């Protein structure tokens, strides 16, 4: 049964996420009608029962399209530098594999910043960091860390351009509007819904003491 009533509406990550090893920021949402499942299944292979695994961390004011996925569990027990990539350690039904060593290796957390737009069916590899403000094109295969405000696409994903000038990006990284009190975001809404980064920064300087 589809978790979603409509392709024209998602649901807050904070409302649907049940895996303890996913941490999500305010207002971020997943719109998953075309793939049926809620967001937890987007975090593939993420054990929910222990601290000693790579975690998935998502910032605030993120938009995540249908069927995006975040590949967890590191190398999933496969070490291609070993003679075989086959996970003998994980097939203990076979007594002949009893002397196997565990190939599992962590990749580090997957960290998605604030104000990140993730297109439908993008797939983020293990251990990837995505900076604030990035745009991940639909169907991107994200194999490398993504700089703040980068627009990327492709398989493998490559940076196409940045959303703003370096000077504007510096202003945004300084003001961190995604952490403002809600009443300031409410007041700033006309500027947030605009290309006027300099004006948004001017408001930040006005209210921030």
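Residue numbers count along the first chain shown, from 1.
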{"query": "Entry-level comparison of average CA B-factors, 55-63 and 164-172, reporting the higher stretch", "finding": "164-172"}
{"query": "Comparing 96-104 with 83-91, the one whose average Cα B-factor in the PDB entry is higher", "finding": "96-104"}
{"query": "Chain third (lowest, middle, highest) by recorded CA B-factor, residue given as residue 191", "finding": "highest"}
{"query": "Chain-wide C-alpha B factor ranking for residue 182, given as lowest, middle or highest third", "finding": "highest"}
{"query": "For residue 138, the third of its chain into which the C-alpha B factor falls", "finding": "lowest"}
{"query": "Ranked against its chain, the third holding the CA B-factor of residue 76", "finding": "highest"}
